[PDB]
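Here we start with a single chain on its own, the form deposited in one PDB entry, put down as structure tokens.
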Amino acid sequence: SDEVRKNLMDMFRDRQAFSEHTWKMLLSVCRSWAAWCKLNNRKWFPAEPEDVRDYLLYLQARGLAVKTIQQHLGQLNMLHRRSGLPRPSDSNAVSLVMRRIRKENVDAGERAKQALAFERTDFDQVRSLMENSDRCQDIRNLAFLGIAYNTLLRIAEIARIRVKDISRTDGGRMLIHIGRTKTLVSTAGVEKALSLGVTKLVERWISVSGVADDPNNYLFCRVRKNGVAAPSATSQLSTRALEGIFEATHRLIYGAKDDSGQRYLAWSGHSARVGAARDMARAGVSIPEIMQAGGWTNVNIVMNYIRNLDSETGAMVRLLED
């Protein structure tokens, strides 16, 4: 059809209207669906429902996570909708099998994992331990963790902070201005405030690394073995290096991790969000305020991040033990 190839060209042309992380996965799912269809004698586009259902079952068999499957089906549906054609998920066949694959895998014992918390207590421990060091790297990584736990900002967002995005409240408390977050991309954005002590942690890093030289320099950068920061304004610290700062800081207090081959054996990127999420909940912060804090709107993930007390525990325990 003419309309289809035109609708597609429209998209690929203005592909930058999408997250660079959406294109990465679109191509990914496609090249995988590309295979199976060739190695199974199938027309890969437009997708025929019975084949998509077969492809979804193949994925289940491969031992992939419920959510990983939801995405493969997910992108296939996009490529189609954005085309003009109907989605594979518009056919009972495809639709149902998905739910099925979901229902099955849950009972089978599969559940959605989640980052390991880095709570107040941890931040409190990693501070007194590296608080004195004079190493640049050490000075930096502390301010990073400081902001990560104090703002619940995602690593992607921290990595994008520019020195010119920093100002201060009348009281001497720093204020980082965040532009585009995961679920908001506008000219207004929001202002995230740091605690009176973290702002110190950051100040010490701002100076010891001379990034304040050009206000276009990104707050966080690299520090080579000689212990010298490489402030930049075109190259931001990669989110991998930031996920690094956690895994390291964790090793620093618990050494080499398990041999399991499982995720979240050590603090990762999302660790401070869920951590502070808990700490707040535990201190009795209200729903609307725990919201404001994380940039959330609903209450789910928050609830997903809880399981608070185990040993003595509280809530009911504390209550029954009148």
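Numbers follow the displayed sequence, beginning with 1. Rigid core: the largest C-alpha set superposing within 1.5 Å between the two forms.
- As listed in the deposited structure, the average C-alpha B-factor of 44-52 and of 256-264 is greater for 256-264.
- Between 77-85 and 179-187, the higher mean Cα B-factor belongs to 179-187.
- Which of 214, 119, 157, 243 has the largest Cα B-factor in the deposited entry comes down to 214.
- Remark: of 9, 303, 17, 25, 303 shows the highest value [criterion: C-alpha B-factor in the PDB entry].
- The entry lists a Cα temperature factor for residue 64 that places it in the middle third of the chain's modelled residues.
- The PDB entry assigns residue 197 a C-alpha temperature factor belonging to the middle third of its chain's modelled residues.
- The entry lists a Cα temperature factor for residue 221 that places it in the middle third of the chain's modelled residues.
- In this PDB entry, residue 39 carries a Cα temperature factor that places it within the highest third of its chain's modelled residues.
- The entry lists a Cα temperature factor for residue 92 that places it in the middle third of the chain's modelled residues.
Note that the form deposited in another entry isn't included here; everything after this is about it.
- Superposition of the core reveals a Cα shift of 2 Å or more for residue 307 between the shown form and the other one.
- Cα-Cα spacing of residue 317 to residue 273 is enlarged in the other form versus the present form (difference of at least 3 Å).
- In the other form, the Cα positions of residue 278 and residue 317 lie at least 3 Å farther from each other than in the form displayed.
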